[PDB]
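Novice: Got a structure for you, written out below as structure tokens; questions coming shortly.
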DNA sequence: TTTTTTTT
């Protein structure tokens, strides 16, 4: 367009911002507080940095998918060096079956039933694994319960989505059913801000059974069949011992590589048994 | 008049975006992220791109009709190759009658009876058709229930409208009744804004009874006669097998071509039977 | 006043917009596609365009009124060949009496008793007639029900206001009574703003009995006599089928001229008699 | 201090607009639409006209009040010329006592007891008198019940305030009690906007019973004693003649002159006696 | 730091503001409308005046405390010259004891017990004394029910804050409890704002019963024990007289000077006896 | 990176602001209003100071932690000067055990159980200890129970969080559970603003029971294992002396130094025993 | 050649 001096400066800034992959303020701060202060002083407003971060995020989300961030360069081929393996084996779940299920969920094998739901207390190997998976992926969104006008504000073009425990009201049942269906749909934000959402893997980190439509005090089961047909079931109950947690990304990468190296065709089974 | 460099660059950008048919954000990104970064480095503000997108959308909405870029140019001459045709055959609906109904709905043959209802659960053959309809239209409006102010925050003169079910208050019911009548009504956007909504075809993907008005604990349906008189229906409850899925745009193009080719007289039948 | 260079250009632009008849964006785009190009070559801000539109609308509303152009010179040349006359004779009301009542409503001979009321079944098709009447008038407003903050946003210093269907709460009922009660008064328009209101005709499109003040769940009757003491009682019963509404801008002016050519004395009768 | 050209032109325009004492815009339009269009074309600072109107209103509200502007030019001495005496004669109220009470309320004789309570719908003609007095005073305010955050947004540093009919809630009882006391109280608007309101005369234009403490669902009368002791009473019910009303400023000036010519000492009396 | 023309200009403006104690708009208007108009015509963007007013307010709040605005320059040493003295002695309380209690409360001697329970309706004259105290010092706070959720919008960076009568529901009960405890806390303002409230002198006035914890629909006394533990008791009941009110600031200044002159060691007594 | 005069000035200002650590703007004002006015004169906008405070807070929250502002320099070896020692001696809590527990909680050692729960009435003196702890830490946040839409407004990017007394409503129970888990969660702010919160310790300062989930009208005792095992138990009910509060930071520093001098092995234990 | 803010 202009390719003058300011254009070249902004181009080199975008290059130095996207060469390593930084979309948060703290990341760029820890990378180079010096350049951060220099850019903050060499600008009257704070909209240019926000636009650059948004462009970098859109580029890293459209060009790079999700399984590319789960590739393994060197497997470990061990069963005792991974805590998640022992966690899934203590509940009777098959390792190869769970690996194939995770591979099909991450790479979107089915599409319609792309929803992972858990049952049991969150302090028995749930919140720690969720935090580890959210830290392993550079982009992650969560559906909180604090915002009442729009609970889907922190999930705008993300690689993975998290759904905490909570009996959703009837005003968001259709929205949740359309989000879990897996389709790039257009949703607003608050005021003059509409954006599209691409099919992305979701994980329901709930504690109880949210399939029943529970609105305050009304317990209806009119949408139980579509909810059961659009989601899976991964119920497990086991007292996970303390002095653990905080799963590193190395074990996650190793398990993802083991799942990618062993592809097993899994049929449409809702009630996943505890065999293996 | 002045025809400075800014107006020339704006005209060049308009020509470049209309030469391929890109009036969004992610499409232009995937097309030429390099050119997008160059344009963002050129202009220092963020209102120029907004005005460009606004006038481009206005031109695309106030020029040619939707079927002009939705109809096909090659028939299929088959009934088992397309997934939508197989679904319509298994549902009992006549292919020629459904094609004539779709042709009359797209070209606004009736005007007042511009409603496509989907009675029954959505996970019974409706998901694939809904996905194909949503992916066929480039720019369409949606009515989400997450907005607690205006249900049409993304319907600023679009091609087709997507509708969802749920708890319907009096305001949204009156808005739907005014929209179904086909009238460009000037209504406020959200806050300190207003727009003139143009009569556009709508598609409802309900699950239960959409004619009933349910609000918390109040169930009213006294005005069901005008609602059922100013709307159509398409009840279907056939199971949709897995494996195959995700209908693209070629099937919709072939269906529109077959509808435009074979001309079938459209009747005023509200309660459509399951024969043909 | 200062007499500069931009003032003459702004005056010429205002005169060109007034002579061409451009008050919003729909006609602004439908007139010529080079208007946006000329604007971009001249300046680069939508605030100037919005101010031009605002002052042009203010000039058109202050200099001339609605009956100044609603009654043309070309008559109808046929009393029977008229859709409005046809539906009026089908409803059973008096033609000359209704014409004189409409004439008194247009000139506001009563002040506090000048409000059009439409009551009856929805099978006749009053929505299409209301849409046609609203489209034949360039300056018109409607009561918005989606937001309870500022329900009177499009009817700011307009010529004719339109109402929706159903009931409303007391907070908006009082404002409606103050507006249609024949009293030039100012009220909050937008965010931290105010706008005056002149006794202008209001058309209620409520097909049900709006005299029952229902505040969402409690049905009251203390605001029924003063509500009915501000407009004439109207009640029509007729069942139609198809082919109704969507009239041109010439038949309305022909009917207006035919009604003006026949002046009938009207007293202060509440319910309009169906004799004649 | 600065003494420039733009400041001199702004001061000249301010003096020209305050020379006649007009704070509206329609008067200036009807006077010289040409000069109005010239000033609109010469005003492109989107802040100069706002500051001009702000300082003009501040000068109009800081110099003289409103009742002093309602002084009579010549005494008429005729009970048939003033149309406001017929209502008092029909209702049996004392004309001289009511005139003295109104004169004491306008000149702030009692100080705290400076509020008149009304009782009557549109049939009594109180709304017409209120509209006439509001049109007589060049600047007034009205309480709107449509606002939810701040209902007194259109009543900040005014001359005379009107109270619309409506059951007060718990969120406005304290505000009304603080306003009735008369004090320069600082209150916020809607978002990042605060102002200090001066003790200003208010008057209630309620149609039904308002003194009864009806807060949502709580009906009490314990808080009625302060409202009865902080204001007088003026309840009357009498139907109008044959579309009688339309009072200008000459009648108000004549009434004020007649009240000033014959001043009657009025003590702290709540229930006004009848006789005249 | 460059010492330019605008620098010296706004420095002289801030000096003139802090020399006379002007922090609002009407004060500066009455001080010098000429300079106000000159400054409004000099700069177009209205922000330099608000910044100067905020700086002057912060300077007056940081340099000058609350007791510095209460002590006078000439004592009177008389009991038959102050109206508040007669008001407090009509019940039977001791003047010197109440003066010493007020002096200890204004100096924040206790800290935790910084609230005095004042029982009595509007007939006791609490509103007049509250208005006199609020007008004596240019910085005051009023806990009125005008605001929605956060009524402490005009209490931040102030001195004396007077409460109002109102059944506080489950909204700001915990905030008030933390405020009366004598501890600064960073709390949010109205919306999209936050500020650190410091232990400021507060006086709670209850016309009816406010000590009971009325949370929505539950009337419990769980939070009442610390309430009565961190506050005293001062009940007064006396009917006011006619032609009395509007206490000047000089009376309160002389009262505070006499209180600072003669001091009395105040211990800890809840049920204050009516003697002395 | 350009490195100009304004950039160097902003860099030196940031250096002079973060050389000692400044939180809000009132601290910098009271420190050097001279240089504050100099900086206000060097510029014109009011965003440079905001950006300076923002980056200073970001640096203080990212680089520095919490124990860095909690460690002391030399123990004082006293048993009567400290108040927490007397509190734990009168209640029966173990000195070294509680010291090691607090040291492990402040230095983030447990991870999953990095919280502290308090129980008992507020009349014993917990408010003074909470104020002292909040003053010992520079950056801290509190749960504002006023705004029901988002009570965690001031709890974004803080070293420690405080939880006031209030019922655990189901709309915030899930957010509180996610906060207790300890994960950098991305949540919205107030309007069109989102931020990522890092695992920060929280301290409950309630006086009622937090086991049974009470939502004002409903009560549930089902989901309680995670929220009951993700915290400890430190209750106290012994009342201290009268007017005994306002603790400085020297006592806290001495206690932290004494705890660091003698470290006791901390183990996972909910119901703490009394043995010291 | 110089700039603007939203809900029960």
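Following Swiss-Prot, chain B residues are numbered 215-490, in order.
Header lists the method as electron microscopy, 5.0 Å.
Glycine residues also receive a Cβ, built from the backbone N, Cα and C atoms like all the rest.
If you look up Swiss-Prot, you'll see B:308-463 marked as domain 'SF3 helicase', on the strength of sequence analysis. Residues or ranges marked as ATP binding site in Swiss-Prot (evidence: sequence analysis): B:334, B:335, B:336, B:337, B:338, B:339, B:340, B:341.
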Novice: When DSSP states are folded down to helix, strand and coil, where does residue B:340 (ATP binding site) land?
Specialist: helix
Novice: For the binding-site residues B:334, B:335, B:339, which Cβ has the most other Cβ atoms within 10 Å, all shown protein chains included?
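Specialist: Answer by Cβ density within 10 Å: B:339.
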Novice: Select from B:334, B:339, B:340 the binding-site residues whose C-beta atom falls under 8 Å of at least one C-beta in chain A, and return them in sequence order or as 'none'.
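Specialist: Correct list: none.
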Novice: Give me the non-local Cβ neighbours of residue B:336 (ATP binding site): same chain, 6+ apart in sequence, Cβ-Cβ under 8 Å, ordered along the sequence.
Specialist: B:344, B:419, B:421
Novice: What are the non-local neighbours of residue B:337 (ATP binding site), defined as same-chain residues 6+ apart in sequence with CB under 8 A from its CB?
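Specialist: Those within reach of residue B:337 (ATP binding site), by Cβ under 8 Å and sequence separation of 6 or more, are B:454.
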Novice: Long-range neighbours only, meaning 6 or more apart in sequence with Cβ under 8 Å: which ones does residue B:340 (ATP binding site) have?
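Specialist: Expected: B:332, B:334, B:419, B:450.
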Novice: Other Cβ atoms within 10 Å is the metric here; tell me which of the binding-site residues B:338, B:341 scores highest.
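Specialist: Going through B:338, B:341 one by one, the largest Cβ count within 10 Å is at B:341.
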Novice: Going by DSSP, is residue B:334 (ATP binding site) part of a helix, a strand, or coil?
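Specialist: It is coil.
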